[PDB]
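Please read the structure below before turning to the comments.
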Amino acid sequence: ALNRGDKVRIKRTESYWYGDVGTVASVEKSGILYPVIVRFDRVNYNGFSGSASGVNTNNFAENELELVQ
Amino acid sequence: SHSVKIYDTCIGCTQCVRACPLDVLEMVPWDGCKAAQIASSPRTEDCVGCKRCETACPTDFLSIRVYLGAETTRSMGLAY
Amino acid sequence: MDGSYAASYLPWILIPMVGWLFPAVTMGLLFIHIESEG
Amino acid sequence: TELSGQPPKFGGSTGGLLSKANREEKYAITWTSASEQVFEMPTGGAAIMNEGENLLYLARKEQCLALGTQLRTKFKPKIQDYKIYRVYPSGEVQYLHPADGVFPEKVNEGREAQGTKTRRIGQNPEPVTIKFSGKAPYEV
Amino acid sequence: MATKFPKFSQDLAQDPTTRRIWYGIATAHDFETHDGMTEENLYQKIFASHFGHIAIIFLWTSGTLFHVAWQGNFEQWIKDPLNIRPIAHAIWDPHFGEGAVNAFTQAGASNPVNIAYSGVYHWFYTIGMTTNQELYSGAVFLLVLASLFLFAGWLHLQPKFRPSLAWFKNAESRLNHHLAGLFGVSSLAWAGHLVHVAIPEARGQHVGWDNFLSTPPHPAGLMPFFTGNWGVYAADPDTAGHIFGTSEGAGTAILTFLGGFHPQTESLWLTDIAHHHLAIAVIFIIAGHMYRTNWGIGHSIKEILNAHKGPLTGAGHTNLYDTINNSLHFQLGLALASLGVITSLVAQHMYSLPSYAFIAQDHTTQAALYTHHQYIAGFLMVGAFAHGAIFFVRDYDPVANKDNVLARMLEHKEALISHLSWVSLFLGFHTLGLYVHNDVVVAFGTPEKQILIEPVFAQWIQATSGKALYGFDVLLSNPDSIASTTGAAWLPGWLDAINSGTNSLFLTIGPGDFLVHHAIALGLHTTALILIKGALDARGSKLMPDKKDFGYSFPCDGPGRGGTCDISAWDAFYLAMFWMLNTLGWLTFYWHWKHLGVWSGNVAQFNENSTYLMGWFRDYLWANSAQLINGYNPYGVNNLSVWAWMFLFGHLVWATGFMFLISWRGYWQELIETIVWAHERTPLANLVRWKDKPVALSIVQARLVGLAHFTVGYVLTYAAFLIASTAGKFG
Amino acid sequence: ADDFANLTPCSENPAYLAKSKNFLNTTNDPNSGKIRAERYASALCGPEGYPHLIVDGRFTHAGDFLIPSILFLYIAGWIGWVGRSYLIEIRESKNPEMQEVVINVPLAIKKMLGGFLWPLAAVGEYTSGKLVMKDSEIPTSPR
Amino acid sequence: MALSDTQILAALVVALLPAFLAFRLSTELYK
Amino acid sequence: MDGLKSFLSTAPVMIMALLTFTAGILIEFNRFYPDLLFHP
Ligand code: CLA
Ligand code: CLA
Ligand code: CLA
Ligand SMILES: CCCCCCCCCCCCCCCC(=O)OC[C@H](COP(=O)(O)OC[C@@H](O)CO)OC(=O)CCCCCCCCCCCCCCC
Ligand SMILES: CCCCCCCCCCCCCCCC(=O)OC[C@H](COP(=O)(O)OC[C@@H](O)CO)OC(=O)CCCCCCCCCCCCCCC
Ligand SMILES: CC1=C(/C=C/C(C)=C\C=C\C(C)=C\C=C\C=C(C)\C=C\C=C(C)\C=C\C2=C(C)C(=O)CCC2(C)C)C(C)(C)CCC1
Ligand SMILES: CC1=C(/C=C/C(C)=C\C=C/C(C)=C\C=C\C=C(C)\C=C\C=C(C)\C=C\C2=C(C)CCCC2(C)C)C(C)(C)CCC1
Ligand SMILES: CC1=C(/C=C/C(C)=C\C=C\C(C)=C\C=C\C=C(C)\C=C/C=C(C)/C=C/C2=C(C)CCCC2(C)C)C(C)(C)CCC1
Ligand code: SF4
Ligand code: SF4
Ligand SMILES: [Ca+2]
Ligand SMILES: [Cl-]
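Protein chains in written order, with the deposited numbering: chain 5, 2 to 70; chain 3, 2 to 81; chain h, 1 to 38; chain 4, 2 to 141; chain 2, 1 to 731; chain 6, 1 to 143; chain 9, 1 to 31; chain 7, 1 to 40.
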């Protein structure tokens with residue numbers, strides 16, 4: 002039900018942004034276990050040691066998101 | 002040997018297979034992501050444990066995990 | 001080396017035994033046990 | 002069967018095979034080359050691959066795979082037909098790479114899925130719930 | 001194929017490298033990970049291991065007693081304890097030369113000998129032992145005791161006598177028998193020994209196995225104990241002129257409470273000690289009747305813990321009986337924390353309120369005892385927190401402990417860790433700033449601008465116990481206070497011992513003590529921050545949200561995600577070990593410098609120079625080393641040869657630990673590969689081949705080995721310095 | 001009456017007087033030693049001759065710790081508050097990070113100057129503002 | 001006094017007993 | 001130009017400027033009013 006621009010909180014526990022806020026970029030069609038693409042402002046940990054930033058996008062499911070605006 | 006598990010949070014970007022230096026991983030067909038594929042670990046007896054597959058993984062916390070187990074000549078990377 | 005205490009002949013041979021014989025025997029037994037079967 | 006190919010032109014080195022190749026196991030890389038070229042040896046120093054077939058014996062599988070990546074990423078006509086086998090002291094040969102004639106980077110039918118967990122990472126069972134067993138969260 | 005050793009781990013037995021050896025030694029006691037271990041067999045093996053350990057303690061004690069009897073001068077030491085130094089045992093070393101022999105024929109011995117430094121002589125003397133034959137029979141009896149416990153441990157592994165799991169998990173009955181029987185009855189028996197033997201021997205009345213049934217320790221028998229007139233037993237206590245071992249100043253009292261110190265021996269009165277033991281025996285026997293067993297009457301720990309719910313906490317202490325009773329790491333961490341606290345307590349109470357005769361004069365033995373027990377306490381505390389983290393890794397159940405105290409501690413772990421970080425930064429910043437200010441101020445020839453802040457709170461606390469030096473007149477320092485006019489038989493002796501600046505009871509403190517207590521606070525805060533952060537993130541963090549899946553100890557998680565070196569809770573233990581050693585170093589430096597000042601009467605040096613750190617660098621370390629580093633020199637050898645050699649030995653071991661700590665595996669694996677190449681290609685040596693493939697030490701093994709060398713060196717070098725300085729100065 | 005019997009005023013301590021007769025000049029002032037010897041004779045000294053400071057809390061020694069504490073608390077609250085409000089205003093500039101590396105000088109100076117009222121704006125934000133944040137809206141790690 | 005010559009080499013026979021029992025306990029715990 | 005001001009407004013330049021300014025403040029304060037251990 003979530004659309005583009007939906008500010009949402011991540012509930013994946015193991016996620017780096019669990020409790021943080023991210024904006025939805027797109028929702029892939031049915032069939033995929035994690036279609037909700039969420040982009041973030043704070044980069045995560047990904048990258049080899051000493052690298053610059055990290056990854057600021059990940060795919061989740063509807064059940065793993067709490068809706069804000 | 003080491004265990005190399007793959008989870009349903011796989012997006013099938015094939016980066017961990019490209020990063021593997023001992024051909025432990027494969028890209029098998031799947032239906033859980035857009036790329037319609039998933040990673041697999043058929044040749045785990047050749048895993049050394051260099052964690053490169055995890056380094057090349059994009060998902061928020063890795064979908065592929067390497068757990069270091071019983072050491073052998075192949076896992077210790079010995080040429081002697 | 002000497003000793004006004006009684007049985008001063010006991011350390012005479014007991015110091016080499018604790019320092020040479022006992023360690024060599026225990027290390028040899030443990031070495032054989034480490035490298036057993038194959 | 003019988004591995005074929007000319008050995009690369011090499012003057013020798015101290016980084017090659019040791020007693021393991023004859024006591025334990027060895028590995029082999031074969032590849033066809035469009036011309037006599039110079040490549041880097043995974044064991045140190047430069048060697049010359051012949052035009053046509055080349056067979057080279059190495060001590061460890063990662064060495065053959067490093068040679069394969071170099072063949073496929075460092076030459077103008079990319080060498081990607083390379084094959085990697087494992088040789089045992091009884092002369093037995095086990096074909097290894099690429100497993101199903103196709104590189105594992107790209108999907109190919111016929112491959113089973115192993116080590117695949119239906120659950121999420123954070124959905125592993127708590128260790129206390131599986132203690133006094135011979136298993137770990139990532140195994141049940 | 002299999003290489004047999006270790007039988008308890010096929011993952012190791014099939015390791016074809018030298019690691020198989022090392023790890024086989026490193027995981028033998030971790031019974032929980034043995035192949036096919038069950039909880040019941042775990043407990044039974046632990047039971048037998050406990051029996052073996054008790055036998056080992058008894059054997060070591062028997063060794064102490066036997067060597068003191070055989071090669072000591074105990075009977076000569078009793079004739080003149082204040083001048084004759086006690087000897088631990090004789091030396092027999094063929095490496096010795098004439099100089100070393102002449103140097104170590106000391107303390108009136110006809111052969112090379114080491115002088116005792118553990119105060120066991122004062123112990124045995126205050127206990128009532130006066131001959132060599134008594135020590136000998138004690139050693140033999142303890143041999144028999146070790147034998148009994150060894151046979152018990154053998155018996156409890158037989159199918160005919162194996163305690164079951166439910167028996168091991170009987171917390172109520174075990175607590176009852178330990179509080180009432182193990183603790184209470186034993187303090188009762190020790191009071192009985194002090195009454196029948198120790199006190200009569202202190203007055204010159206020989207009480208042995210040949211006469212203890214005939215001579216009552218009091219002119220009145222057990223009727224004053226039977227009826228109720230217990231003051232008969234206070235009778236005439238030992239006068240302030242009682243000379244130890246004789247009848248001069250002697251009395252008939254067996255239970256007093258005058259407090260203070262024996263005027264000659266400078267220790268607690270034996271009658272007060274036996275009285276303390278009697279009271280504590282009664283208290284412990286009363287405690288050991290709290291929990292029900294088989295007679296319905298009594299408490300159950302589970303219901304008490306379940307009842308303590310609450311509003312803001314939530315589940316409270318519900319299900320904590322099962323939480324603690326099913327996890328042995330939880331029990332071990334509780335035991336280790338408690339025992340480390342009370343070991344530090346013993347250390348703090350033995351130097352200040354000594355209990356063995358004439359041990360206050362033997363300054364080296366007291367320094368060594370304080371250092372030893374504070375180091376034991378530091379080790380026990382680190383181990384307690386390590387086992388707490390191990391519980392979190394292996395045994396923690398989130399659903400059975402949901403919303404309880406444990407789950408909430410984990411739920412706001414960021415607050416706890418961050419506030420520990422704040423208090424540590426606070427303490428360190430400001431204490432180091434004050435020390436550096438004092439140093440820079442003294443350096444420029446203007447020592448008047450030092451920030452000297454009086455330890456007002458602790459001086460006030462001393463005054464509350466009757467200390468009138470600072471003129472506080474508060475509580476027991478004020479005669480007009482209600483607490484000081486209660487008629488307690490312990491007030492006069494206590495005030496006389498605390499207001500005579502001649503012993504080690506409540507030592508006068510200056511601003512330097514304030515600075516060093518803040519340094520100690522920094523050390524404790526930072527070590528505890530390391531340990532708590534390790535235990536709370538042991539189950540996971542934001543780098544490894546599944547760190548519990550990998551176990552308590554693993555190398556790392558790779559260079560990915562930025563780099564994950566020293567990630568496990570084991571790495572937190574290994575980090576905290578350095579800060580614990582540093583905290584104990586600060587402790588022992590403070591204690592030893594202040595006590596050297598106290599013993600030499602020149603407290604001015606410590607009180608005036610402990611404020612800037614150059615004072616510690618030149619007046620404590622550099623100065624007291626002068627004797628030690630001359631135990632042997634181009635001119636000969638004195639009795640400090642072993643201590644100087646061991647000082648340098650500890651330096652060497654410490655640096656060798658640095659070796660493993662700074663340089664990390666892969667470099668060494670490549671080097672070892674070149675050496676393997678060398679061996680395979682060198683003739684004649686080719687006749688020989690290794691059975692285990694040589695490989696570099698593992699990452700966790702390297703941390704453990706570097707830390708082991710670091711700690712060995714730390715302890716040995718500081719022990720050498722302590723002993724040599726305090727013994728060459730004689731305090 | 002007889003409080004701190006171990007210490008005596010520096011004027012009444014002979015060691016302090018003897019040492020202050022030879023105090024060293026600090027700056028170019030040849031009387032810097034003399035004025036230091038005159039200023040430190042006020043406090044309590046120890047048997048050695050150096051002044052001890054009393055943080056007991058009594059207002060007779062309010063300058064030993066209370067006044068420097070108040071001064072530093074004010075100034076450090078100023079620093080923290082101006083930095084925090086600068087970071088928060090940076091938060092809404094599309095590119096906040098490169099303004100955290102490259103310091104917006106005018107905005108920084110405007111935040112800094114308006115810092116003398118930090119202890120009042122602090123309770124202003126605490127009463128119904130953004131000073132304290134709800135725990136459930138803060139990112140945490142797995143327990 | 002001083003310990004008897006015959007007395008020192010009498011404790012060793014008694015020590016033979018805990019040696020035997022520790023050997024038994026070790027071998028049983030290895031099982 | 002604008003880039004010169006942006007360079008003059010970087011983190012190291014601003015931090016060293018503030019540190020030097022505060023250094024001057026404190027040095028002059030202790031020069032004219034020295035040896036201020038405590039407030040009378
Ligand atoms: C743990 C107790 C202990 C310790 C640390 C020592 C220490 C020492 N002893 Mg002594 N000893 C002990 C108990 C002990 N003794 C007992 C109980 C006896 C009477 C049976 C003796 C009788 C004895 C003699 C006759 C002599 C020594 C001697 C020595 C010195 C060299 C060792 C040796 O050659 O003799 C070896 C010791 C024995 C044969 C006795 C067995 C020791 C006990 C019974 C067993 C200890 C087991 C214990 C658990 C340690 C195991 C190791 C540990 C890692 C588990 C050494 C400093 C020599 C000496 O005088 O030096 C100058 C020597 O002449 N000991
Ligand atoms: C009254 C009956 C009784 C008594 C005598 C004991 C006795 C003992 N039990 Mg047992 N047990 C009992 C019944 C009893 N049990 C019951 C009913 C159960 C449950 C069904 C258990 C189940 C149980 C288990 C599972 C275990 C024990 C263990 C132990 C031993 C504890 C460890 C130890 O030896 O340190 C001795 C401790 C003390 C003497 C207390 C010291 C007081 C503290 C430390 C302060 C020190 C004070 C003082 C200053 C120290 C002196 C210093 C000196 C140098 C001057 C101990 C000897 C453990 C063991 O070792 O197995 C054999 C163990 O694993 N018990
Ligand atoms: C003298 C050696 C030393 C120093 C100064 C520190 C410093 C610190 N350690 Mg550390 N540690 C050390 C040894 C040392 N460690 C060793 C050998 C180990 C074993 C590997 C550890 C392992 C360790 C762990 C595991 C932890 C610490 C922690 C800390 C911090 C706690 C804050 C504090 O203590 O108070 C305040 C700080 C200090 C006293 C030191 C800084 C003071 C300087 C001089 C201020 C001036 C800065 C300077 C002007 C900057 C400009 C320099 C310019 C010229 C280039 C702190 C910054 C704990 C922590 O991080 O707490 C949150 C933490 O968990 N340490
Ligand atoms: C007595 C004198 C002491 C001599 C000690 C010499 C230490 C030698 C250490 C070896 C590394 C040195 C090479 C560094 C180059 C290097 O690569 O180092 C190693 C490290 C590289 O880390 P990474 O591998 O993660 O970097 C890869 C990145 O490029 C990713 O793209 O760089 C750093 O240390 C960052 C810290 C910079 C610290 C910034 C402070 C700036 C200081 C300003 C003042 C300079 C001094 C002026 C002269 C007075
Ligand atoms: C002296 C130590 C120096 C500083 C160390 C750090 C002190 C920590 C204080 C920070 C504030 C704690 C926040 C509590 C958070 C909080 O309020 O939780 C809520 C809690 C409500 O508990 P309940 O009413 O549910 O109690 C029922 C219980 O049976 C179940 O827990 O409050 C209390 O427990 C009472 C007061 C808190 C007691 C906290 C203990 C803190 C230790 C202080 C020193 C202990 C000494 C014990 C000696 C016997
Ligand atoms: C019939 C009976 C009773 C009479 C009992 C009689 C008639 C005697 C009772 C004797 C008792 C209960 C003796 C207890 C003895 C314990 C001893 C002797 C020693 C224990 C020592 C230990 C464990 C280790 C000691 C060590 C050694 C050996 C050393 O040498 C150095 C110190 C240390 C390291 C501590 C009464 C009417 C009462 C009650 C009714 C029943
Ligand atoms: C006075 C006195 C004293 C002390 C006392 C005490 C003990 C106190 C305390 C206290 C406490 C117990 C506290 C706690 C708290 C909490 C909190 C929570 C706070 C904080 C907060 C906040 C929120 C902040 C904010 C800010 C500001 C305002 C500014 C800057 C920036 C910032 C952001 C940081 C002494 C003895 C020393 C001396 C005498 C008297
Ligand atoms: C991690 C963990 C753990 C551990 C923990 C620990 C290690 C802790 C600690 C710690 C400690 C170690 C603590 C202690 C403390 C303290 C206290 C508790 C206090 C007391 C108090 C009081 C109350 C006192 C009083 C008094 C005074 C003041 C003086 C005079 C006398 C009197 C008594 C009056 C466990 C396993 C468990 C669980 C899991 C997790
Ligand atoms: S790198 Fe990770 S997400 Fe990509 S294919 Fe491999 S396991 Fe799947
Ligand atoms: S750990 Fe190394 S060898 Fe094993 S799967 Fe990952 S990249 Fe391949
Ligand atoms: Ca007697
Ligand atoms: Cl020398």
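For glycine and all other residues, C-beta sits at the position ideal for the given N, C-alpha and C.
Using a Cβ distance threshold of 8 Å, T239 (chain 2) and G249 (chain 2) count as a contacting pair. Residues of chain 9 whose Cβ lies closer than 8 Å to the Cβ of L10 (chain h) are, in chain order, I8 and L9. Setting aside the 5 residues that flank it on each side, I509 (chain 2) is surrounded in the same chain by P455, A458 and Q459, each with a C-beta closer than 7 Å to its C-beta; the list follows chain order. For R19 (chain 2), the three-state secondary structure derived from DSSP is helix.
For ligand 5, residues qualifying as neighbours are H308 (chain 2), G310 (chain 2), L312 (chain 2), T313 (chain 2) and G316 (chain 2), where qualification means a beta carbon closer than 5 Å to at least one of its heavy atoms (chain order). The nearest non-hydrogen atom of ligand 8 is 7 Å or more from the C-beta of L339 (chain 2). The nearest non-hydrogen atom of ligand 12 is 7 Å or more from the C-beta of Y635 (chain 2). Within the same chain, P694 and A696 come within 6 Å of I672 (chain 2) by CB-CB distance, once the 5 residues on both sides are set aside. Interface annotation for the region 2-22 of chain 5 against chain 6: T14, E15, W18, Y19, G20 and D21, criterion Cβ-Cβ distance under 7 Å.
Interface flag for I122 (chain 4) against chain 5 is set, since a Cβ pair is found closer than 8 Å. With a threshold of 8 Å between beta carbons, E54 (chain 4) makes no contact with chain 3. Look at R87 (chain 4) here: in three-state DSSP terms it is strand. Scanning its chain for C-beta atoms nearer than 6 Å, with the 5 sequence neighbours on each side dropped, one finds around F261 (chain 2) the residues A497, in chain order. In the three-state reduction of the DSSP assignment, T24 (chain 5) falls in the strand class. When C-beta atoms of the region 585-597 of chain 2 are compared with those of the region 519-539 of chain 2, three or more pairs fall below 8 Å, so the two segments count as touching.
With a beta-carbon spacing of about 3 Å, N609 (chain 2) and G615 (chain 2) fall inside the 8 Å limit used to define contacts. Within the region 120-147 of chain 2, the complete alpha helix (DSSP H) segments at least 4 residues long are 120-127, listed from N- to C-terminus. Closer than 8 Å at the C-beta level to chain 5, one finds these residues of the region 12-29 of chain 3: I12. Taking a Cβ-Cβ cut-off of 9 Å, the neighbours of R112 (chain 4) in chain 3 comprise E27, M28, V29, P30, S41 and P43, given in sequence order. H67 (chain 2): member of the alpha helix (DSSP H) spanning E39 to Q71, first to last residue. In this structure, the straight-line span from the alpha carbon of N28 (chain 6) to that of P34 (chain 7) is close to 11 Å.
Remark: the shortest separation between the CB of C58 (chain 3) and any heavy atom of ligand 9 falls under 7 Å.
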